[PDB]
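S.K.: Just dropping this structure here.
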There are 2 protein chains.
Amino acid sequence: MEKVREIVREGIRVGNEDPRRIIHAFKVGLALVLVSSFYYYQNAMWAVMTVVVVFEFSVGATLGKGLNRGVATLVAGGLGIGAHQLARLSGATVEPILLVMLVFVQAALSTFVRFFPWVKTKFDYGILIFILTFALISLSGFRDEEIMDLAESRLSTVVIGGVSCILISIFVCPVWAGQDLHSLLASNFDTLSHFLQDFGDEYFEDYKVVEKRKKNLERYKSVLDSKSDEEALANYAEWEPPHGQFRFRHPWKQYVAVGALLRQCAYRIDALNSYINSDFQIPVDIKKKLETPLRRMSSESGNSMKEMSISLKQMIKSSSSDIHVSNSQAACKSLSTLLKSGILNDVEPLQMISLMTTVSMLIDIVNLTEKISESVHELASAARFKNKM
Amino acid sequence: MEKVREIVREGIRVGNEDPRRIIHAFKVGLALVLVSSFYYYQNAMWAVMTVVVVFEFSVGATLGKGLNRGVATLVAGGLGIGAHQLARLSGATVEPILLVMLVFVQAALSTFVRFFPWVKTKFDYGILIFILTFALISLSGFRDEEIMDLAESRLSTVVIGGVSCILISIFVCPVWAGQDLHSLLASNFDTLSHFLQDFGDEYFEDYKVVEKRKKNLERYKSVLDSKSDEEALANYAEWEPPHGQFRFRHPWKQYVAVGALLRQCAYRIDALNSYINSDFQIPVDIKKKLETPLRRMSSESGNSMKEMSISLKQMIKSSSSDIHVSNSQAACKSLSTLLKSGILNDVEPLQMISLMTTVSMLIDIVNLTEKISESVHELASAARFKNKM
Ligand SMILES: [Al+3]
């Protein structure tokens, strides 16, 4: 009655974090009901098995697992029938031995192929079904024709299950991986912008300091650890048919590269937070001499990252990043001028080490953000995003 | 004939990168042969299906998928038989309708449960088999007793397939995930040490420069991107039974934390490499004034990281890290003394920004390495590693 309350609030949390989870939870049920009725009213364990194992969250994942299962079952049925014909051809007591030896050799060779990188990222489930169907067809004890009917039945049922799941996955309330990847990048951008604004606010400054530590740390600490997510969403979205704004080739590799550049900014930001959170604290009246330039640079980088998030959600071509970032380079120029003013020769050198480290951090962040903005513009053009602006 | 040569050298590469892949490739074949013979000489499609889908690389993965399939099939057979009894109890034409409605509701609820985090990391395949077996038993058209025999047969065959795979995976040439996680951490440590030694060598300095760029970049660039690997190996090793040096509780969460601290060092190292690889080059005769201290700190950190890798491979308690790191803090003290000597007031400030950035980077790396060494010592004690030394 106590842990039950625990999982009840867990369930409400995981639910209201995303409602499409509940809608997909109903979609799987719909698929099972339709398949059952179609094979009751007009085997059938294969139809329900494949509708459970195929239907996944996105539409890309569903289409990908569906074509994996289909094509693999087709090719495996082919090679299996060929093998069984030759096996029955040779002899009557050697048939089982040469059959089992073929199963061994083929399973071994394929299991080894499951370790290549290019085949691991895309067709791993494909190879798995290859092995499975090969051993299904080759390792039965029926007659000549029974195997042909078994093969055609397995192929047809796999196709029907896969097609039912794909249709349901597209036409009810589709969850495209493309939109999730775009939105994930936009969320990452947004968290980095929140951190940069709060830093440009709080660097030069009991429950409130901890709440601020929450709002400072966990955003970028979740930015850094999103590599498997973006790589997964890319490998799912590449299967998706053209829908909405996306043309035939929407170069997902390039978006993943943009994610990488994001994490580079996030590395430097981690260094910045680690210097903030230190106890070796430089007196504020020393940092006073540099307030306005550093705050200008931080604020402008934050605004530009923000509008970039906007442009990755709305898919609208912008050019204000040129203005915001050129002004940031000008801020770096004025900062360079302030540096030549002999303004930091009157501070003990350990402060100099700390302050110059932080200043160099922010400089690197501004230059990086210039790089990313250029990438996103040419990404909007090659993808031919709306030039409405 | 050309691409064939291509995949042939790919195959030899992926092979001689690790031979246990080939041995496991033979283990799967052995499993298929034994299962086939045991169900031929004395259904059986389920035995071969479960031996293919269960048997994975490690021993942890095999045991985990095995217990997932087993326990899920047991519980699902139970609830399925209960449901079918009640369904046949109510009526004779409403039986199919209330059956299909139960299938719908249960499949939907479970598919939603597949989105919790704690259930995703461990029992996702478990929930999948839950749905699958529930729809197998509940959605057949047999009589009262046929379902009981179907349920017992499915349970027994799943158990036999799982047990055969587990035994083969343990007793032939086991691939423990524990040893792989320890060795992976040791390899990460080793690459960071190689970089630190080469940096302390080359910071103060046509085919050779590119080969050195190879040996500088790709090591740490593969350190950073190993988060899914270490999290995966932990989630596999937690299932493993106590073997070798590992006691009952070997706190894998703590080793994963040590991996995290590694990547923190790797972030700063990425910054260092990005400053090396720049074209905005400080004249060497300026960096001359700081050679011996920076080289001392780098070399000592490299030695300590190296011996830490040794201690994570051999599993032997060491204490030389205290000496190597205390000497590094003393090097930082002497560096502090050199800084108060007014030694850098005779350099244009942009050089000052660059040099102070690099010096602060190395300081952070030394402090971080002190933290990691403390963690690994108390990790050797709580795990009760051999105190031989
Ligand atoms: Al099956």
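Note that we place each Cβ from the backbone using ideal geometry, even for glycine, and neighbour counts take in every protein chain shown. Basis: the model, the stated rules and, where named, an outside source; no laboratory instrument gave them.
S.K.: Looking only at the stretch B:280-293, which residues are in contact with a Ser or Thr (Cβ under 8 Å, 6 or more places away or on another chain) and assigned to a helix (DSSP H, G or I)? Walk me through it before giving the result.
M.R.: Within the stretch B:280-293, the subset in contact with a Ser or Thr (Cβ under 8 Å, 6 or more places away or on another chain) is B:280, B:282, B:293.
Once the filter is applied, which keeps residues that are in contact with a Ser or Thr (Cβ under 8 Å, 6 or more places away or on another chain) and assigned to a helix (DSSP H, G or I), the stretch B:280-293 yields only B:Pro293.
S.K.: Let me ask something else. Here is a check on your reading of the model: is A:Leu368 over 19 Å from A:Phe189 (Cβ atoms), within 14 Å of chain B (Cβ to nearest Cβ) and touching a helix residue (DSSP H, G or I) at 6+ places or on another chain (Cβ under 8 Å)? Before you say what the answer is, go through the steps one by one.
M.R.: Details: over 19 Å from A:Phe189 (Cβ atoms): no; within 14 Å of chain B (Cβ to nearest Cβ): yes; touching a helix residue (DSSP H, G or I) at 6+ places or on another chain (Cβ under 8 Å): yes.
In short, no.
S.K.: Could you grab me the full set of residues in the stretch B:14-63 that are exposed (fewer than 14 other Cβ atoms within 10 Å of the Cβ) and either within 9 Å of another protein chain (Cβ to nearest Cβ) or of a type outside the set (S, T, N, Q) (or both)?
M.R.: Restricting attention to the stretch B:14-63, the residues satisfying the condition of being exposed (fewer than 14 other Cβ atoms within 10 Å of the Cβ) are B:16-20, B:23, B:37-38, B:40-43.
Selection gives B:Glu17, B:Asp18, B:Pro19, B:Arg20, B:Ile23, B:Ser37, B:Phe38, B:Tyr40, B:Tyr41.
S.K.: On the given criteria, is A:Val53 within 22 Å of A:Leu132 (Cβ to Cβ) and in contact with a helix residue (DSSP H, G or I) (Cβ under 9 Å, 6 or more places away or on another chain)? If you could, list the steps in order and put the result at the bottom.
M.R.: Values: within 22 Å of A:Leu132 (Cβ to Cβ): yes; in contact with a helix residue (DSSP H, G or I) (Cβ under 9 Å, 6 or more places away or on another chain): yes.
Judged against the criteria, A:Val53 is a match.
S.K.: Okay, next question. Would you point out the residue of the stretch B:223-240, among those that are more than 10 Å from B:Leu262 (Cβ to Cβ) and among the small types (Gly, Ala, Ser), that is surrounded by the most Cβ atoms within 10 Å (Cβ to Cβ)?
M.R.: B:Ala237
S.K.: Here is a further query. Considering only the stretch A:14-23, I want to know if a residue exists there that is within 16 Å of the ligand (Cβ to nearest atom), under 30 Å from B:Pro96 (Cβ atoms) and either under 31 Å from the mean Cα position of the chain (by Cα) or not assigned by TED's automatic domain parsing to the domain that holds A:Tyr236 (or both).
M.R.: So in the stretch A:14-23, the residues within 16 Å of the ligand (Cβ to nearest atom) come out as none.
No: zero hits.
S.K.: While we're here: In the set B:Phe55, B:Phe26, which member is out of contact with any strand residue (DSSP E or B) (no Cβ under 7 Å at 6 or more places or on another chain) and either among the charged types (D, E, K, R) or more than 16 Å from the ligand (Cβ to nearest atom) (or both)?
M.R.: Working: B:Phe55 fails: either among the charged types (D, E, K, R) or more than 16 Å from the ligand (Cβ to nearest atom) (or both).
On inspection, the qualifying residue turns out to be B:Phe26.
S.K.: If I ask for residues that are within 15 Å of A:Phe204 (Cβ to Cβ) and in contact with a helix residue (DSSP H, G or I) (Cβ under 9 Å, 6 or more places away or on another chain), which ones from the stretch A:279-291 would you list?
M.R.: So in the stretch A:279-291, the residues within 15 Å of A:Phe204 (Cβ to Cβ) come out as A:281-291.
Hits for the stretch A:279-291 are A:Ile282, A:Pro283, A:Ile286, A:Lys287, A:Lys289, A:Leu290.
S.K.: Could you please give the count of residues in the stretch B:188-222 that are surrounded by fewer than 16 Cβ atoms within 10 Å (Cβ to Cβ) and under 27 Å from the mean Cα position of the chain (by Cα)?
M.R.: Let us first name the residues in the stretch B:188-222 that are surrounded by fewer than 16 Cβ atoms within 10 Å (Cβ to Cβ), namely B:201-202, B:204-215, B:217-218, B:221-222.
Remaining after also requiring under 27 Å from the mean Cα position of the chain (by Cα): B:214-215, B:217-218, B:221-222.
Number of matching residues: 6.
S.K.: So for the stretch A:81-99 (the condition being within 10 Å of another protein chain (Cβ to nearest Cβ) and either within 16 Å of the ligand (Cβ to nearest atom) or surrounded by 16 or more Cβ atoms within 10 Å (Cβ to Cβ) (or both)), does at least one residue qualify?
M.R.: First, pick out the residues of the stretch A:81-99 that are within 10 Å of another protein chain (Cβ to nearest Cβ): A:96, A:99.
After this cut, where a residue has to be either within 16 Å of the ligand (Cβ to nearest atom) or surrounded by 16 or more Cβ atoms within 10 Å (Cβ to Cβ) (or both) as well, the list is A:96, A:99.
Yes, there is a match, as at least one residue in the stretch A:81-99 is within 10 Å of another protein chain (Cβ to nearest Cβ) and either within 16 Å of the ligand (Cβ to nearest atom) or surrounded by 16 or more Cβ atoms within 10 Å (Cβ to Cβ) (or both).
S.K.: Determine if the stretch A:328-341 includes at least one residue that is buried (at least 19 other Cβ atoms within 10 Å of the Cβ) and either away from chain B (no Cβ under 14 Å) or at positive phi (or both).
M.R.: yes
S.K.: Please determine, by comparing only the residues of the stretch A:109-127 that are β-branched (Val, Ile, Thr) and either within 16 Å of the ligand (Cβ to nearest atom) or out of contact with any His (no Cβ under 9 Å at 6 or more places or on another chain) (or both), which one is nearest to the other protein chains (Cβ to nearest Cβ). Before the answer, list the steps.
M.R.: Of the stretch A:109-127, the ones β-branched (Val, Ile, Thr) are A:111, A:113, A:119, A:121, A:127.
Filter again for either within 16 Å of the ligand (Cβ to nearest atom) or out of contact with any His (no Cβ under 9 Å at 6 or more places or on another chain) (or both), leaving A:113, A:119, A:121, A:127.
Numbers: A:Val113: 8, A:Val119: 10, A:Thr121: 13, A:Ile127: 11 Å.
Out of the qualifying residues, it is A:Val113.
S.K.: Just wondering, is there one or more residues in the stretch B:1-13 that are acidic (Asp, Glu), within 9 Å of chain A (Cβ to nearest Cβ) and away from the ligand (no atom under 16 Å from the Cβ)? Walk me through it before giving the result.
M.R.: Start the filter on the stretch B:1-13 by keeping residues that are acidic (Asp, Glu), which leaves B:2, B:6, B:10.
Next cut, within 9 Å of chain A (Cβ to nearest Cβ) only: B:10.
Among the residues that remain, those that are also away from the ligand (no atom under 16 Å from the Cβ) are: B:10.
Yes, there is a match, as at least one residue in the stretch B:1-13 is acidic (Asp, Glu), within 9 Å of chain A (Cβ to nearest Cβ) and away from the ligand (no atom under 16 Å from the Cβ).
Okay, residues lined up against (1) within 16 Å of the ligand (Cβ to nearest atom); (2) surrounded by fewer than 21 Cβ atoms within 10 Å (Cβ to Cβ); (3) assigned to a loop (DSSP other than H, G, I, E, B):
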residue: A:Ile129; (1), (2), (3): yes, no, no
residue: A:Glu146; (1), (2), (3): no, yes, no
residue: A:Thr157; (1), (2), (3): yes, no, no
residue: A:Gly178; (1), (2), (3): no, no, no
residue: A:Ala186; (1), (2), (3): no, yes, no
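S.K.: To continue, here is another question. Looking at the stretch B:37-60, which of its residues are farther than 14 Å from A:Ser138 by Cα and hydrophobic (A, V, I, L, M, F, W, C)?
M.R.: B:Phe38, B:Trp46, B:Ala47, B:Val51, B:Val52, B:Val53, B:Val54, B:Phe55, B:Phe57, B:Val59
S.K.: Another question, if that's okay. Taking A:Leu155 as the residue in question, decide whether it is of a type in the set (A, V, I, L, M) and more than 16 Å from A:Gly66 (Cα to Cα).
M.R.: Working: of a type in the set (A, V, I, L, M): yes; more than 16 Å from A:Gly66 (Cα to Cα): no.
Taking the combined requirement at face value, the residue does not satisfy it.
S.K.: Condition (residue is more than 10 Å from chain B (Cβ to nearest Cβ) and closer than 21 Å to B:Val35 by Cβ) applied to the stretch A:151-166: is it met by at least one residue? Even if it seems obvious, please write down each step before you answer.
M.R.: Taking the stretch A:151-166 as the starting set, the residues that turn out to be more than 10 Å from chain B (Cβ to nearest Cβ) are A:151-166.
Next cut, closer than 21 Å to B:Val35 by Cβ only: A:154.
The answer is yes, given that some residue of the stretch A:151-166 is more than 10 Å from chain B (Cβ to nearest Cβ) and closer than 21 Å to B:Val35 by Cβ.
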